[PDB]
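Peer 1: Build the 3D model from these lines:
(3 chains, ligands or ions: 5)
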Amino acid sequence: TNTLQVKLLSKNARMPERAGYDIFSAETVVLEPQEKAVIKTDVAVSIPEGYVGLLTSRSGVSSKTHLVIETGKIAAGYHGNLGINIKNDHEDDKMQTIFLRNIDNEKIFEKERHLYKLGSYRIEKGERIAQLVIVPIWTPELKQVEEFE
Amino acid sequence: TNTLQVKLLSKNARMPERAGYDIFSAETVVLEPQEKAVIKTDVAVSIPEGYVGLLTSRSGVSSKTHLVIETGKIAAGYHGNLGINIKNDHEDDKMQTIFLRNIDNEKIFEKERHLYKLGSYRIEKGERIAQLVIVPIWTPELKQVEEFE
Amino acid sequence: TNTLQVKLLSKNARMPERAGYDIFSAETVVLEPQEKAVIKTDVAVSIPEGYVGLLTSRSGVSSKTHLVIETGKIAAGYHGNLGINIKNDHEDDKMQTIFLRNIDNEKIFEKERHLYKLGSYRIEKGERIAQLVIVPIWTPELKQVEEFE
Ligand SMILES: O=c1ccn([C@H]2C[C@H](O)[C@@H](COP(=O)(O)NP(=O)(O)OP(=O)(O)O)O2)c(=O)[nH]1
Ligand SMILES: O=c1ccn([C@H]2C[C@H](O)[C@@H](COP(=O)(O)NP(=O)(O)OP(=O)(O)O)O2)c(=O)[nH]1
Ligand SMILES: O=c1ccn([C@H]2C[C@H](O)[C@@H](COP(=O)(O)NP(=O)(O)OP(=O)(O)O)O2)c(=O)[nH]1
Ligand code: NI
Ligand code: NI
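Peer 2: Numbering: from 1, shown residues only, chains lettered A, B, ... in the order given. Ligands and ions are numbered 1, 2, ... in the order given. Below you will find the coordinate block:
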């Protein structure tokens, strides 16, 4: 029908909301400068054939922070946990600071002061970090050709 | 109809040209190694429903330079100024040089010699830095599901 | 018809395979930390009008390695050699190691021990490094407008 199925794999998951669908983190993580990771959404979707999903970066977080989301391509009928392919592309300049930075590049004040690497970010459980955009995909048969028509 | 509306927000803006639409800068800026920014196009568009716009990187500039454009997703019926989400991902190696580099990685000769950080780029007002690609988006209603069909 | 033409430009090329089409390298290359490059596929395609191709990153390699593929936008009816726009975004920390890393971040054991820069990768001729995803593109005529409807 004209409806997309969504399964919540955990009590940490969070239903998407709408043009593109806001995707939420299911875990709290701390990324150091240049650290890679795959953030679990604990959400799965059943995209019908003739469609590919795009788990792509959000504009707010991406423009404001060094959090770089490589757009994931959700294949039609892939039912696994959707993971955010992320890298804190902030330069590892060896410096230190007492402040983590949220997904709005603002400092997180700590009641218990800790020492962090400069350019570190914290993603909180249930935060809007990505979004899902579904678009039609064309799958034709391939033809080995010596020269095009 | 079969026509996309385009509004010029400034005397610095520049009409797009065509497969994908060439987007022009409306400002001259200088990005240091690892500097983030949002370059204003001074251009706005009214994308109809059932379509999402993609303000994505150009092939020439992106392959030739360290100028990294995170593809923007222009939602159907967003009428604001389109901004290029960019980062000069060149490593900040602390070195210095007398040359800025254009969007073709070539050196810019300065009649008035200045000291710049190595790996700096200059985007000129009215230069082709990005392009707009519009594609159909699918928006179905979401259904909370315990298991897929 | 309902068929996409594919031409092999070399004896090093390799036919794509299928949701998205797996793209193979036609050359063996070694990328140092922060090195840019355009990897030749030795493959050309004739995408019909009303469609744009997306030479985008693979999930395995991209999430596992620092190999960053800026998604290429293959315009309808572009018949040139498809090249992978890549950057080894691993930080140039000046360190050295005897191991190259494959597209699975695993160490490559060398029978002839050599000295490499830490965070270097090797792409092998005939490896799955990218994939092609074709989606419909909308090309309307542009209208200069003082205010939207
Ligand atoms: O960022 C991502 C990327 C992929 N994925 C999922 C969706 C997709 O079904 C799967 C990998 O598909 P890709 O086409 O992106 N890469 P791969 O070539 O490994 O998949 P396949 O071999 O099935 O084409 O992993 C994510 O959840 N997040
Ligand atoms: O690079 C960009 C990214 C976004 N934009 C614009 C277009 C879009 O309408 C708006 C942000 O939409 P996104 O879906 O990209 N992110 P966000 O989640 O913040 O928007 P919304 O909350 O409306 O979904 O900003 C740009 O001009 N350039
Ligand atoms: O990563 C890439 C990017 C582009 N290409 C090819 C496909 C495309 O037809 C051509 C460049 O088209 P783009 O729209 O990506 N950039 P450009 O503005 O230079 O092309 P045009 O001026 O024709 O719009 O180069 C690749 O093979 N790999
Ligand atoms: Ni993209
Ligand atoms: Ni970097």
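
Peer 1: So which residues on chain A come close to ligand 5?
Peer 2: When proximity is defined as C-beta under 5 Å from the ion, chain A approaches ligand 5 at residue A:89. In short, each C-beta sits where N, CA and C put it, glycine included.

Peer 1: partner residues bridging the most centrally placed residue in chain A?
Peer 2: Among the residues of chain A, the one closest to the centroid is residue A:84, at 3.2 Å (C-alpha atoms, centre = their mean). Here residue A:84 sits in beta bridges with residue A:39, going by DSSP bridges.

Peer 1: That one against residue A:41, yeah?
Peer 2: Yes - contact criterion C-beta atoms under 8 Å: residue A:84 and residue A:41 qualify, at 6.8 Å.

Peer 1: got any residues that touch both of those two?
Peer 2: A:23, A:25 (C-beta atoms under 8 Å, 6 or more residues apart in numbering or on different chains).

Peer 1: From residue A:80, how far off is residue A:43?
Peer 2: In this view, residue A:43 and residue A:80 are 10 Å apart by C-beta to C-beta, to the nearest Å.

Peer 1: ok, these two, which is more surrounded?
Peer 2: residue A:43 (23 against 9; other C-beta atoms under 10 Å in any protein chain shown).

Peer 1: surely that one meets residue A:22?
Peer 2: No - in this structure residue A:43 lies outside contact range of residue A:22 using C-beta under 8 Å: 11.3 Å.

Peer 1: Report the beta-bridge partners for the residue in chain A positioned nearest to ligand 1.
Peer 2: Closest approach between chain A and ligand 1, counting by C-beta to the nearest ligand atom: residue A:72, at 2.3 Å. The partner list for residue A:72 in beta bridges (DSSP bridges) reads residue A:55.

Peer 1: and it, how many residues sit next to it?
Peer 2: 22.

Peer 1: Ramachandran coordinates for residue A:61?
Peer 2: phi -60, psi -40 (degrees, to the nearest 10).

Peer 1: Just give the closest residue to it, not the sequence neighbours.
Peer 2: Leaving aside its sequence neighbours, residue A:61 sits nearest to residue A:103 (C-beta to C-beta, 6 or more residues apart in numbering or on different chains; 4.6 Å).

Peer 1: The one you found and residue B:71, how far apart?
Peer 2: Residue A:103 is 19 Å from residue B:71, by C-beta to C-beta.

Peer 1: ditto for residue A:55
Peer 2: Distance, residue A:55 to residue B:71, using C-beta to C-beta: 13 Å.

Peer 1: the more surrounded of these two?
Peer 2: residue A:55 (22 against 19).

Peer 1: Would you indicate which residues of stretch A:51-62 are buried?
Peer 2: Judged by neighbour count using 16 or more other C-beta atoms under 10 Å in any protein chain shown, the buried positions of stretch A:51-62 are A:51-59, A:61-62.

Peer 1: list residues touching both of residue A:55 and residue B:71?
Peer 2: residue A:71.

Peer 1: quick one: contacts for residue A:119?
Peer 2: Residue A:119 touches A:32-33, A:66, A:88, A:90-93, A:101, counting by C-beta under 8 Å, 6+ apart.

Peer 1: what separates residue A:76 from residue C:56, distance-wise?
Peer 2: 16 Å.

Peer 1: what residues does chain A put near ligand 2?
Peer 2: A:20, A:58-60, A:131 (C-beta under 6 Å from any ligand atom).

Peer 1: gap between the residue lying closest to residue A:59 once chain neighbours are set aside and chain C?
Peer 2: Computed as C-beta to C-beta, 6+ apart, the closest residue to residue A:59 that is not its neighbour in sequence is residue B:72, at 6.4 Å. Going from residue B:72 to chain C by C-beta to the nearest C-beta, to the nearest Å gives 13 Å.

Peer 1: who touches residue A:121 in this structure?
Peer 2: By C-beta under 8 Å, 6+ apart, the contact set of residue A:121 is A:30-31, A:65-67, A:88, A:90, A:100-103.

Peer 1: State which one residue of chain A is found closest to chain C.
Peer 2: At 3.8 Å from chain C, residue A:75 is the closest residue in chain A, using C-beta to the nearest C-beta.

Peer 1: from memory that residue sits against residue C:59, does it?
Peer 2: No - taking contacts as C-beta under 8 Å, residue A:75 lies outside contact range of residue C:59: 9.6 Å.

Peer 1: For chain A, which residues are neighbours of ligand 4?
Peer 2: With the criterion set to C-beta under 5 Å from the ion, chain A comes near ligand 4 through residue A:71.

Peer 1: isn't residue A:74 right up against residue A:133?
Peer 2: No - counting by C-beta under 8 Å, residue A:133 is not a contact partner of residue A:74; they are 9.9 Å apart.

Peer 1: Common neighbours of those two, please.
Peer 2: Common contacts of residue A:74 and residue A:133 (C-beta under 8 Å, 6+ apart): A:53-54.
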